[PDB]
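Asks: Take a look at this one; I'll ask things after.
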Amino acid sequence: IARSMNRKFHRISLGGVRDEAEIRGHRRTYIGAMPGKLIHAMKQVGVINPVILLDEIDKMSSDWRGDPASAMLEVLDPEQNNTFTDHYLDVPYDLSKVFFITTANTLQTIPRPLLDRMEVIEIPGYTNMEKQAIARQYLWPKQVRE
Amino acid sequence: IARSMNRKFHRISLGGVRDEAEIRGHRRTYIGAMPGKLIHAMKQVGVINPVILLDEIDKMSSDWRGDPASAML
Amino acid sequence: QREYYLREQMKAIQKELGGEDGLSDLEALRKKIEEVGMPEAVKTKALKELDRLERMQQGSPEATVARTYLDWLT
Amino acid sequence: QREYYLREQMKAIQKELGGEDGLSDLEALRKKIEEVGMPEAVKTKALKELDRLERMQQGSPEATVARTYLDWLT
Amino acid sequence: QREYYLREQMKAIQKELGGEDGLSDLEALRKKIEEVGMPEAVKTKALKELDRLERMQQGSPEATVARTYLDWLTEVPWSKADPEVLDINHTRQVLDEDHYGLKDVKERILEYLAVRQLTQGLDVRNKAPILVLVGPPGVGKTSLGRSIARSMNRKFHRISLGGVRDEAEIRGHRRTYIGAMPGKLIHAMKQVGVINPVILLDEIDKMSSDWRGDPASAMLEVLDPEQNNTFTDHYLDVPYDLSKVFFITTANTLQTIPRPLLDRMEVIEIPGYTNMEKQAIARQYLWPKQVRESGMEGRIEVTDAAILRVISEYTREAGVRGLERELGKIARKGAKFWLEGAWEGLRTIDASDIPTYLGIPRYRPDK
Amino acid sequence: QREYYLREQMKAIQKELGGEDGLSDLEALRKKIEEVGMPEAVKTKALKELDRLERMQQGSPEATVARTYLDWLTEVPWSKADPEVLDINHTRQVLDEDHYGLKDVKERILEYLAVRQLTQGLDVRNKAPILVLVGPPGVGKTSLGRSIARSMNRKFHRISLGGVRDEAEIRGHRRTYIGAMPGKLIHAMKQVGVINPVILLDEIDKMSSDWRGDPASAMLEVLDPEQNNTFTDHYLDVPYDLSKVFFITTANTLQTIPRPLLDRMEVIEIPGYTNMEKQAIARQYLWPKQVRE
Ligand SMILES: Nc1ncnc2c1ncn2[C@@H]1O[C@H](COP(=O)(O)OP(=O)(O)OP(O)(O)=S)[C@@H](O)[C@H]1O
Ligand SMILES: Nc1ncnc2c1ncn2[C@@H]1O[C@H](COP(=O)(O)OP(=O)(O)OP(O)(O)=S)[C@@H](O)[C@H]1O
């Protein structure tokens, strides 16, 4: 979808933070300046259009303090994201040219309000004929020429 | 109702809560604590008089950890 | 002699350039306290924690907890 | 003109206190303000990261955290 | 005021000294920071520090940490390695005189040497996976670390984890503090002289977490070969490259290893040893060491039925330490019997003369 | 004569430093470094640490931290022998005084001392045992440690690990902190003067294992039958040698000890006592003491 729409592609997904405060940034009051994870993906691109894939959103990063809901609800809703603010950003940031991709395996651990925006794309599996065709076309030249 | 009264609207979706620490806070003596859902809603509304919808207060996961129904009292 | 003099020449430059503002985050927090609200006991609690942040330094890990406490209060 | 002249004598301290100096500084991210972006509010915060930064040119325990935040912001 | 004057006297003497002895060491580091190895950005950060303030006797807190950072930056190895191995049959000549058995690990080493030799394209010299050894306690893991490092004839250093719960032993602290403390990796790289060593990371099962998180995020930052090419520190301010370093990690189970580390892993299950394998290692490695330390060399000898008695009736483990101590007890009992009156030649221990030396057989034999 | 003038000016420097403190006990530190034999990497590391510490005085606090580093490093013993007195009838009669019965452990000490006569100069490894004593609470185990350490004319030290969930008691905090301090074990080696002591780790089956507060996995670098020639604490940045140490640990139940620690240690079980044993223990150990007191 990135190369068809002439866009970039970045991964960065759930499982790398301790709370949604680490989904956001951290203020300069600390010594260890932990940036917002999002902005760090935006730093490595010189384009504010492309997609951002959310691999394994059901594999959360929760704790007894903080569920991964509020920092996700303020970036997935198409309303409050137009003026976005991190603790390591503290300025009006704009999310209207991006088109996010979310990847999951099970909808059951996803909370109820964040299902307001999700659109269900499911996977049928693969036939052994389909896997034989995949392994001829697409896996054998990579793993052999590597 | 929010439009007819001309006030702010907000939605808290309960049913997923499991302890009293997601309705109240925890304590300041635990690293990184925060207050509960009602304080989140008051943070995200702007006035003293919004309306707050409470979806599925009848399905709150009161369990071996605690009972947030008493926290709701 | 030149060291002590010329760094004062540096601060000369700065005291003309910056001037007069009183612009930081601390008295901004105090102003944000004194604008909205407040009930009386809540106000005195916030002023105690504000002074507890004021006369000392910036960097201790309990000051981060008190900072998050005041930021959740405002 | 007053800008030119105050920065004249500031970088006269630079070539004067010439190790190395100045951090040759804050004449220079002045060009990536309008180049990299920017809206007005980022300009309000980061132009209040020029001269009260210029207050000294040593260390710092402040210049590293403000360095990371500002060079993140630019 | 008197102290300020006499400190003037002292530092006057010093600047004649920094003429007299105080040339040709910082000058010699300015040579050696511009000698072979250093990248261009590292040369720029080396040119950053050239404005000195010259008060190195009466203090100074801003004079000694810059010298410390300069020494740490100039002592880590920059672009130097002992050459590649040419014969992979000789790799089998070396790996087989340390361990009986362990086919799979030797095969993976030979495969990695064959792939590194035969590739002249790309996509595998950059991406070579990290071995994760998993096995029950008692099988050989650390001795494999030494045997692999001597097999390829590379240098070696071993980092033990498990007592580490702080992040600043993998990363370090900021260089503006009092104690200049880079992480364990900068120590492990200045120990070896080459830029391509073998590093054994002991016990990634046991990195406990605490406040300010766990150092498992730093482990993600070091055990993924797509960002450690630009691996920077909190102490160092240059991008170092931990790409070619052949990491080997040991473990006892995979659950307590974090899931951000089970993406750039490659598990190898060591199932345990069997009775013939234990008997072969028992002879050819455990017995002459357990007799050479005990001083009873050429005065006592164990048979091969007797090792089978010791294995089947005096140890139940998936490893070889219980067998090691059970042989050591025989060596000590013989060393005690020698002082009560010597014999001639060497007494030989058949499988029936064990319980004189080892008491009651604990585990019944399977009949 | 000009270097005489020059380092004489430095004599005057330390005359104003503390009357001392610039080449007085700094050079006493050079003596005690080139006293008792350190390994050469550790020795040159201590020499460059002394070289970075030498030419400053009285500030900064980094001078104080490095002074305490060279006070720890040059006082923990390096090559401080304990003379193995090799009589096996004297030591048998000394072990027979403090305890009755206990045939297994006394036979073990006689075996592990009869071996140490027949050391054929070099070519041996000289590795000390690592015992674990397992028994019910009343049976004398902690009493036996000082008895064994006195019979062999060695030294003795205790470490109680009774309820520690505190990691970095075993290892230390790294020296960049404020109140930095080594572990329990390097301090236990510091108080003893020799490198052949008898360390009694008291309650090793009562510790903690949790996602925060797991000290039992930090006992891997210590109770190590091969690789404890490379022990790495966090305060000292050098490998310290713990092979010569006659460790004795006690426990109560094997069911609560971690699996990478049972195989590091050598189990010796103590099977309570019987009525004849208790009666003899009573008559010649318990009743005279309770009559005296
Ligand atoms: N097949 C073998 N050949 C030779 N020596 C062996 C063999 N298997 C084990 N050993 C020896 O047995 C001892 C076990 O070494 P380690 O690998 O440290 O044991 P370990 O199981 O790794 O301990 P942990 O707790 O899992 S780190 C060493 O002395 C090895 O040399
Ligand atoms: N066989 C014995 N002969 C003489 N005194 C003994 C004997 N067995 C035990 N004692 C004495 O009984 C007491 C037992 O003390 P401890 O050694 O502390 O017992 P302990 O079992 O080590 O305690 P715990 O619960 O195991 S830590 C001491 O006063 C010993 O001297």
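By order in the structure tokens, chains are A, B, ...; within a chain, residues start at 1; ligands start at 1, following the order shown.
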Could you list, as a CSV table (one decimal) with N, CA, C and O atoms, in the first residue's frame, all residues that come within 10 Å of ligand 2? Count only C-alpha atoms and all ligand atoms.
Replies:
chain,number,residue,atom,x,y,z
F,96,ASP,N,36.9,-33.7,67.7
F,96,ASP,CA,36.2,-34.5,68.7
F,96,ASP,C,35.8,-33.8,69.9
F,96,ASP,O,34.9,-34.3,70.7
F,97,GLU,N,36.3,-32.6,70.2
F,97,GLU,CA,36.0,-31.9,71.4
F,97,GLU,C,34.7,-31.1,71.4
F,97,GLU,O,33.9,-31.1,72.3
F,98,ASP,N,34.4,-30.5,70.3
F,98,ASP,CA,33.2,-29.6,70.2
F,98,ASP,C,31.9,-30.2,69.9
F,98,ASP,O,30.9,-29.6,70.1
F,99,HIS,N,31.9,-31.4,69.3
F,99,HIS,CA,30.7,-32.1,68.9
F,99,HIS,C,30.8,-33.6,69.1
F,99,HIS,O,31.9,-34.1,69.0
F,100,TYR,N,29.7,-34.2,69.4
F,100,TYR,CA,29.7,-35.6,69.5
F,100,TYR,C,28.9,-36.2,68.3
F,100,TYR,O,28.0,-35.6,67.8
F,101,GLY,N,29.4,-37.4,67.8
F,101,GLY,CA,28.8,-37.9,66.6
F,101,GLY,C,29.4,-37.2,65.4
F,101,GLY,O,30.6,-36.9,65.4
F,102,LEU,N,28.5,-37.0,64.4
F,102,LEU,CA,28.9,-36.3,63.2
F,102,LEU,C,30.1,-37.0,62.4
F,102,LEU,O,31.1,-36.4,62.2
F,133,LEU,N,24.7,-28.1,54.1
F,133,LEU,CA,24.3,-29.0,55.2
F,133,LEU,C,22.8,-28.9,55.4
F,133,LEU,O,22.3,-27.8,55.5
F,134,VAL,N,22.1,-30.0,55.4
F,134,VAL,CA,20.7,-30.0,55.4
F,134,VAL,C,20.2,-30.8,56.6
F,134,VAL,O,20.5,-32.0,56.8
F,135,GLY,N,19.4,-30.1,57.4
F,135,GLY,CA,18.9,-30.8,58.6
F,135,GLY,C,17.8,-30.0,59.3
F,135,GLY,O,17.5,-28.9,59.1
F,136,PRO,N,17.1,-30.7,60.2
F,136,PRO,CA,16.1,-30.1,61.1
F,136,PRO,C,16.7,-29.0,62.0
F,136,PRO,O,17.9,-29.0,62.2
F,137,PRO,N,15.8,-28.2,62.6
F,137,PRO,CA,16.4,-26.9,63.1
F,137,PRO,C,17.2,-27.1,64.4
F,137,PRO,O,18.2,-26.3,64.6
F,138,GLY,N,16.9,-28.1,65.2
F,138,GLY,CA,17.7,-28.2,66.5
F,138,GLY,C,19.1,-28.7,66.3
F,138,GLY,O,19.9,-28.5,67.2
F,139,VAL,N,19.3,-29.5,65.3
F,139,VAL,CA,20.6,-30.2,65.0
F,139,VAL,C,21.7,-29.2,64.8
F,139,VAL,O,21.5,-28.2,64.0
F,140,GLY,N,22.8,-29.4,65.4
F,140,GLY,CA,23.9,-28.4,65.4
F,140,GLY,C,24.5,-28.2,64.0
F,140,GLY,O,25.3,-29.1,63.6
F,141,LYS,N,24.2,-27.1,63.3
F,141,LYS,CA,24.8,-26.8,62.0
F,141,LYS,C,25.6,-25.5,62.1
F,141,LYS,O,26.8,-25.5,61.7
F,142,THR,N,25.0,-24.5,62.5
F,142,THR,CA,25.7,-23.2,62.6
F,142,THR,C,26.8,-23.2,63.7
F,142,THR,O,27.7,-22.4,63.7
F,143,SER,N,26.6,-24.1,64.7
F,143,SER,CA,27.7,-24.3,65.7
F,143,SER,C,28.9,-24.9,65.1
F,143,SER,O,30.0,-24.6,65.5
F,144,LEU,N,28.7,-25.8,64.1
F,144,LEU,CA,29.7,-26.6,63.5
F,144,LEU,C,30.7,-25.8,62.6
F,144,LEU,O,31.8,-26.2,62.4
F,145,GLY,N,30.3,-24.6,62.2
F,145,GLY,CA,31.1,-23.8,61.3
F,145,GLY,C,32.4,-23.3,62.0
F,145,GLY,O,33.5,-23.4,61.5
F,146,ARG,N,32.2,-22.7,63.2
F,146,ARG,CA,33.4,-22.2,63.9
F,146,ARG,C,34.2,-23.3,64.4
F,146,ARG,O,35.5,-23.2,64.5
F,147,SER,N,33.6,-24.5,64.7
F,147,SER,CA,34.4,-25.7,65.1
F,147,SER,C,35.3,-26.2,64.0
F,147,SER,O,36.5,-26.4,64.2
F,160,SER,N,24.5,-14.0,57.3
F,160,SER,CA,23.1,-14.4,57.5
F,160,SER,C,22.3,-13.9,56.3
F,160,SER,O,22.3,-12.7,56.0
F,162,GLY,N,19.0,-14.4,55.9
F,162,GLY,CA,17.8,-15.0,56.4
F,162,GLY,C,16.5,-14.6,55.7
F,162,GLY,O,15.7,-15.4,55.4
F,202,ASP,N,24.3,-18.5,55.9
F,202,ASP,CA,23.6,-19.2,57.0
F,202,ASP,C,22.2,-19.7,56.5
F,202,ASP,O,22.0,-20.9,56.4
F,203,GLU,N,21.3,-18.9,56.0
F,203,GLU,CA,20.0,-19.3,55.6
F,203,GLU,C,19.8,-19.1,54.1
F,203,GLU,O,19.3,-18.1,53.7
F,250,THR,N,24.0,-23.7,55.0
F,250,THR,CA,23.0,-24.5,55.7
F,250,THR,C,21.6,-24.2,55.1
F,250,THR,O,21.3,-23.2,54.5
F,251,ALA,N,20.7,-25.2,55.3
F,251,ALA,CA,19.4,-25.1,54.8
F,251,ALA,C,18.5,-25.9,55.7
F,251,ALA,O,18.9,-26.5,56.7
F,252,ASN,N,17.2,-26.1,55.3
F,252,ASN,CA,16.3,-26.9,56.0
F,252,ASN,C,15.5,-27.8,55.2
F,252,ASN,O,15.1,-28.9,55.6
F,270,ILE,N,22.0,-34.4,57.5
F,270,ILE,CA,22.3,-34.7,58.9
F,270,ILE,C,21.0,-35.3,59.6
F,270,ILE,O,20.1,-34.6,59.7
F,272,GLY,N,19.3,-36.0,62.2
F,272,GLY,CA,18.7,-35.8,63.5
F,272,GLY,C,19.7,-36.5,64.6
F,272,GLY,O,20.9,-36.6,64.4
F,273,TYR,N,19.1,-37.0,65.6
F,273,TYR,CA,19.8,-37.7,66.7
F,273,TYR,C,19.0,-38.8,67.2
F,273,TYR,O,17.8,-38.8,67.1
F,277,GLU,N,22.7,-41.2,71.3
F,277,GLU,CA,23.4,-40.0,70.9
F,277,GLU,C,23.0,-38.8,71.8
F,277,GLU,O,23.8,-38.1,72.3
F,278,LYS,N,21.7,-38.6,72.0
F,278,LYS,CA,21.2,-37.5,72.8
F,278,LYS,C,21.6,-37.7,74.2
F,278,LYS,O,21.9,-36.7,74.9
F,280,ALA,N,24.4,-39.2,75.4
F,280,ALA,CA,25.8,-38.8,75.5
F,280,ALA,C,26.1,-37.4,75.3
F,280,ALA,O,26.9,-36.8,76.1
F,281,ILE,N,25.4,-36.7,74.4
F,281,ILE,CA,25.4,-35.3,74.2
F,281,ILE,C,25.0,-34.6,75.5
F,281,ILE,O,25.7,-33.6,75.9
F,282,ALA,N,24.0,-35.1,76.1
F,282,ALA,CA,23.5,-34.5,77.4
F,282,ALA,C,24.6,-34.6,78.4
F,282,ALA,O,25.0,-33.5,78.9
F,284,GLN,N,27.8,-35.2,78.5
F,284,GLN,CA,29.1,-34.5,78.4
F,284,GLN,C,29.1,-33.2,77.7
F,284,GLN,O,30.2,-32.7,77.4
F,285,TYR,N,28.0,-32.7,77.3
F,285,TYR,CA,28.0,-31.3,76.8
F,285,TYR,C,26.9,-30.4,77.4
F,285,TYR,O,27.2,-29.2,77.6
F,286,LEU,N,25.8,-30.9,77.7
F,286,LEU,CA,24.7,-30.0,78.1
F,286,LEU,C,24.5,-29.8,79.6
F,286,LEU,O,24.4,-28.7,80.0
Asks: Please return, as a list in words, all residues of chain D lying within 8 Å of chain A when only C-alpha atoms are considered.
Replies: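 The selection requested is residues 41, 42, 65, 66, 68, 69 and 73 of chain D.
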Asks: What is the Cα root-mean-square deviation, to one decimal place in Å, for chain C superposed on chain D with all Cα atoms matched in order?
Replies: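 C-alpha RMSD after least-squares superposition: 10.1 Å.
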Asks: Kindly compile the residues surrounding ligand 1 within 9 Å, counting only C-alpha atoms and all ligand atoms, and format them as an mmCIF file with C-alpha atoms, in the first residue's frame.
Replies:
data_model
loop_
_atom_site.group_PDB
_atom_site.id
_atom_site.type_symbol
_atom_site.label_atom_id
_atom_site.label_comp_id
_atom_site.auth_asym_id
_atom_site.auth_seq_id
_atom_site.Cartn_x
_atom_site.Cartn_y
_atom_site.Cartn_z
ATOM 1 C CA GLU E 97 38.998 -32.040 21.561
ATOM 2 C CA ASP E 98 36.831 -30.270 24.159
ATOM 3 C CA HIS E 99 33.473 -32.055 24.136
ATOM 4 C CA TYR E 100 32.179 -35.475 23.267
ATOM 5 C CA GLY E 101 28.830 -35.022 21.591
ATOM 6 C CA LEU E 102 26.823 -31.832 20.952
ATOM 7 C CA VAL E 134 18.722 -23.512 26.161
ATOM 8 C CA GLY E 135 19.229 -26.571 28.325
ATOM 9 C CA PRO E 136 18.844 -28.256 31.697
ATOM 10 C CA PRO E 137 21.458 -27.423 34.342
ATOM 11 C CA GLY E 138 24.624 -29.500 34.012
ATOM 12 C CA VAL E 139 25.114 -29.672 30.254
ATOM 13 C CA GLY E 140 27.996 -27.747 28.766
ATOM 14 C CA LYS E 141 27.214 -24.109 27.955
ATOM 15 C CA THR E 142 30.051 -21.857 29.153
ATOM 16 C CA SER E 143 32.729 -24.380 28.206
ATOM 17 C CA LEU E 144 31.111 -24.206 24.785
ATOM 18 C CA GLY E 145 31.735 -20.458 24.941
ATOM 19 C CA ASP E 202 25.183 -15.446 30.767
ATOM 20 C CA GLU E 203 21.628 -15.990 31.992
ATOM 21 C CA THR E 250 22.477 -19.169 27.607
ATOM 22 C CA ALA E 251 19.142 -19.862 29.269
ATOM 23 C CA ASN E 252 17.208 -22.511 31.159
ATOM 24 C CA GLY E 272 20.690 -33.660 27.894
ATOM 25 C CA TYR E 273 23.188 -36.463 27.923
ATOM 26 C CA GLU E 277 27.686 -39.995 26.284
ATOM 27 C CA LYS E 278 28.264 -39.624 30.025
ATOM 28 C CA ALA E 280 32.676 -41.168 27.152
ATOM 29 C CA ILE E 281 32.993 -37.726 28.723
ATOM 30 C CA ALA E 282 33.528 -39.443 32.081
ATOM 31 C CA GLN E 284 38.140 -38.771 28.429
ATOM 32 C CA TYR E 285 37.511 -35.572 30.279
ATOM 33 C CA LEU E 286 36.389 -36.124 33.834
ATOM 34 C CA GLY E 319 24.079 -33.069 33.628
ATOM 35 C CA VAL E 320 27.602 -34.097 34.596
ATOM 36 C CA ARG E 321 28.391 -32.276 37.851
ATOM 37 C CA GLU E 324 32.099 -35.181 38.579
ATOM 38 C CA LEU F 220 25.512 -17.723 40.457
ATOM 39 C CA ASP F 224 30.590 -21.483 40.977
ATOM 40 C CA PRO F 225 32.622 -24.720 40.785
ATOM 41 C CA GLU F 226 34.657 -23.494 37.810
ATOM 42 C CA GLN F 227 34.042 -19.912 36.819
ATOM 43 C CA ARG F 259 17.629 -25.562 40.498
ATOM 44 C CA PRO F 260 20.759 -23.694 39.278
ATOM 45 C CA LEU F 261 22.000 -23.754 42.893
ATOM 46 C CA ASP F 263 23.931 -28.619 41.483
ATOM 47 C CA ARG F 264 26.494 -25.957 42.344
#
Asks: Could you produce a table of the residues of region 24-72 of chain B lying within 12 Å of region 18-23 of chain A, with the nearest pair of atoms per residue and their separation in Å rounded to one decimal, using only C-alpha atoms, ordered by chain and increasing residue number, as CSV?
Replies:
residue,atom,partner,partner_atom,distance
B:31,CA,A:19,CA,11.7
B:32,CA,A:19,CA,9.2
B:33,CA,A:19,CA,10.6
B:34,CA,A:21,CA,10.7
Asks: Let's have the selection written as a tab-separated table (two decimals), in the first residue's frame, with C-alpha atoms.
Replies:
chain	number	residue	atom	x	y	z
B	31	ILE	CA	5.57	4.77	41.12
B	32	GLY	CA	3.71	6.53	38.29
B	33	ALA	CA	0.15	6.56	39.62
B	34	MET	CA	-2.89	8.34	38.19
Asks: Kindly provide the residues of chain E that approach chain F to within 7 Å, each paired with its closest atom pair and their distance in Å to one decimal, based on only C-alpha atoms, listed by chain and increasing number, as CSV.
Replies:
residue,atom,partner,partner_atom,distance
E:57,CA,F:56,CA,5.3
E:58,CA,F:56,CA,6.0
E:59,CA,F:56,CA,5.2
E:60,CA,F:60,CA,6.9
E:61,CA,F:60,CA,6.0
E:137,CA,F:260,CA,6.2
E:162,CA,F:217,CA,5.8
E:163,CA,F:218,CA,4.5
E:178,CA,F:62,CA,6.0
E:179,CA,F:176,CA,4.2
E:180,CA,F:176,CA,7.0
E:181,CA,F:176,CA,6.7
E:206,CA,F:217,CA,6.6
E:208,CA,F:211,CA,5.2
E:209,CA,F:212,CA,5.5
E:210,CA,F:212,CA,5.6
E:292,CA,F:124,CA,6.3
E:293,CA,F:124,CA,4.3
E:294,CA,F:115,CA,6.2
E:295,CA,F:118,CA,5.7
E:321,CA,F:263,CA,6.8
E:332,CA,F:111,CA,6.0
E:333,CA,F:111,CA,6.8
E:335,CA,F:115,CA,6.0
E:336,CA,F:114,CA,5.9
Asks: List every residue of chain C that DSSP, applied to the backbone of this structure, places in alpha helix (DSSP H), and write the result as a PyMOL selection string.
Replies: chain C and resi 2-17+26-35+40-54+61-73
Asks: What residues in chain E have any atom no more than 9 Å from chain A when counting only C-alpha atoms, and can you write them as a compact mmCIF listing (two decimals) with C-alpha atoms, in the first residue's frame?
Replies:
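Everything below was put into result_25.txt:
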# COMPACT_ATOMS: atom_id res chain seq x y z
CA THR E 119 28.74 -15.25 0.40
CA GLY E 121 26.64 -10.84 -2.32
CA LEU E 122 24.73 -9.36 0.62
CA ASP E 123 21.80 -9.91 3.05
CA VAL E 124 23.57 -12.43 5.33
CA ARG E 174 25.53 10.56 31.46
CA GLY E 213 11.80 -0.10 33.94
CA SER E 217 14.81 -2.42 26.42
CA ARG E 259 8.94 -11.11 23.91
CA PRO E 260 10.80 -8.19 22.25
Asks: Under the rule that only C-alpha atoms are counted, which of E:244, E:347, E:175, E:187 is the nearest residue to residue 59 (chain D)?
Replies: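 Checking each candidate against residue 59 (chain D), we get E:175 as the closest.
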Asks: Taking only C-alpha atoms into account and nothing else, which residues of chain B lie no more than 12 Å away from chain C? Please answer as a ChimeraX atom specification.
Replies: /B:25,27-36,39-40,42-43,46-48
Asks: Which residues are near residue 63 (chain D)? Cut-off 12 Å, only C-alpha atoms, ignore same chain within fewer than 5 positions. Put them as a ChimeraX atom specification.
Replies: /A:28,31 /D:23,49-50,52-58,68-71 /E:176
Asks: Go ahead and write the selection's residues with N, CA, C and O atoms as a PDB file, in the first residue's frame.
Replies:
ATOM      1  N   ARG A  28      10.963  17.825  30.002  1.00  0.00           N
ATOM      2  CA  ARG A  28      12.392  18.061  30.188  1.00  0.00           C
ATOM      3  C   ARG A  28      12.795  18.166  31.658  1.00  0.00           C
ATOM      4  O   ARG A  28      13.983  18.363  31.944  1.00  0.00           O
ATOM      5  N   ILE A  31      16.004  13.764  33.593  1.00  0.00           N
ATOM      6  CA  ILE A  31      17.314  13.701  32.962  1.00  0.00           C
ATOM      7  C   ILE A  31      17.301  12.767  31.760  1.00  0.00           C
ATOM      8  O   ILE A  31      17.802  13.117  30.690  1.00  0.00           O
TER       9      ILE A  31
ATOM     10  N   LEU D  23      29.865  28.769  21.648  1.00  0.00           N
ATOM     11  CA  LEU D  23      29.460  27.619  20.867  1.00  0.00           C
ATOM     12  C   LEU D  23      29.187  28.017  19.400  1.00  0.00           C
ATOM     13  O   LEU D  23      28.388  27.359  18.728  1.00  0.00           O
ATOM     14  N   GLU D  49      14.109  29.606  23.485  1.00  0.00           N
ATOM     15  CA  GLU D  49      15.339  28.863  23.645  1.00  0.00           C
ATOM     16  C   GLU D  49      16.458  29.428  22.779  1.00  0.00           C
ATOM     17  O   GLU D  49      17.013  28.690  21.964  1.00  0.00           O
ATOM     18  N   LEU D  50      16.698  30.748  22.835  1.00  0.00           N
ATOM     19  CA  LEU D  50      17.938  31.327  22.313  1.00  0.00           C
ATOM     20  C   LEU D  50      18.772  31.980  23.411  1.00  0.00           C
ATOM     21  O   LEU D  50      19.849  31.507  23.756  1.00  0.00           O
ATOM     22  N   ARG D  52      18.084  33.312  26.759  1.00  0.00           N
ATOM     23  CA  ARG D  52      18.209  32.778  28.090  1.00  0.00           C
ATOM     24  C   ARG D  52      18.943  31.448  28.067  1.00  0.00           C
ATOM     25  O   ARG D  52      19.448  31.024  29.103  1.00  0.00           O
ATOM     26  N   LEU D  53      19.067  30.797  26.908  1.00  0.00           N
ATOM     27  CA  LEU D  53      20.123  29.808  26.805  1.00  0.00           C
ATOM     28  C   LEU D  53      21.477  30.460  26.748  1.00  0.00           C
ATOM     29  O   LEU D  53      22.430  29.921  27.311  1.00  0.00           O
ATOM     30  N   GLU D  54      21.575  31.604  26.084  1.00  0.00           N
ATOM     31  CA  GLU D  54      22.865  32.244  25.895  1.00  0.00           C
ATOM     32  C   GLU D  54      23.488  32.711  27.192  1.00  0.00           C
ATOM     33  O   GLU D  54      24.695  32.957  27.202  1.00  0.00           O
ATOM     34  N   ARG D  55      22.698  32.766  28.270  1.00  0.00           N
ATOM     35  CA  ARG D  55      23.111  33.176  29.614  1.00  0.00           C
ATOM     36  C   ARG D  55      24.456  32.638  30.094  1.00  0.00           C
ATOM     37  O   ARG D  55      25.141  33.325  30.859  1.00  0.00           O
ATOM     38  N   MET D  56      24.871  31.460  29.652  1.00  0.00           N
ATOM     39  CA  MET D  56      26.253  31.012  29.811  1.00  0.00           C
ATOM     40  C   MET D  56      26.538  30.051  28.670  1.00  0.00           C
ATOM     41  O   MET D  56      25.630  29.663  27.937  1.00  0.00           O
ATOM     42  N   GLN D  57      27.813  29.719  28.480  1.00  0.00           N
ATOM     43  CA  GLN D  57      28.196  28.787  27.427  1.00  0.00           C
ATOM     44  C   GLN D  57      29.031  27.623  27.916  1.00  0.00           C
ATOM     45  O   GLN D  57      30.057  27.314  27.301  1.00  0.00           O
ATOM     46  N   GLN D  58      28.620  26.976  28.986  1.00  0.00           N
ATOM     47  CA  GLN D  58      29.401  25.971  29.674  1.00  0.00           C
ATOM     48  C   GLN D  58      28.488  24.822  30.088  1.00  0.00           C
ATOM     49  O   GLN D  58      27.292  25.008  30.311  1.00  0.00           O
ATOM     50  N   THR D  68      18.668  18.160  23.651  1.00  0.00           N
ATOM     51  CA  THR D  68      17.893  17.069  23.062  1.00  0.00           C
ATOM     52  C   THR D  68      16.486  17.521  22.701  1.00  0.00           C
ATOM     53  O   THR D  68      16.005  17.224  21.602  1.00  0.00           O
ATOM     54  N   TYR D  69      15.838  18.287  23.587  1.00  0.00           N
ATOM     55  CA  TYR D  69      14.480  18.751  23.314  1.00  0.00           C
ATOM     56  C   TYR D  69      14.441  19.728  22.141  1.00  0.00           C
ATOM     57  O   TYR D  69      13.573  19.625  21.268  1.00  0.00           O
ATOM     58  N   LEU D  70      15.403  20.651  22.072  1.00  0.00           N
ATOM     59  CA  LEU D  70      15.380  21.671  21.029  1.00  0.00           C
ATOM     60  C   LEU D  70      15.823  21.114  19.683  1.00  0.00           C
ATOM     61  O   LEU D  70      15.205  21.412  18.654  1.00  0.00           O
ATOM     62  N   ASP D  71      16.883  20.301  19.659  1.00  0.00           N
ATOM     63  CA  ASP D  71      17.303  19.685  18.405  1.00  0.00           C
ATOM     64  C   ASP D  71      16.355  18.562  17.997  1.00  0.00           C
ATOM     65  O   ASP D  71      16.409  18.090  16.860  1.00  0.00           O
TER      66      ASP D  71
ATOM     67  N   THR E 176      28.286  13.802  32.356  1.00  0.00           N
ATOM     68  CA  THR E 176      28.448  15.028  33.127  1.00  0.00           C
ATOM     69  C   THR E 176      28.427  14.790  34.629  1.00  0.00           C
ATOM     70  O   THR E 176      28.646  15.738  35.390  1.00  0.00           O
TER      71      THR E 176
END
Asks: One decimal, Å: what's the distance from CA of residue 325 (chain E) over to CA of residue 312 (chain E), could you say?
Replies: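 CA of residue 312 (chain E) lies 14.6 Å from CA of residue 325 (chain E).
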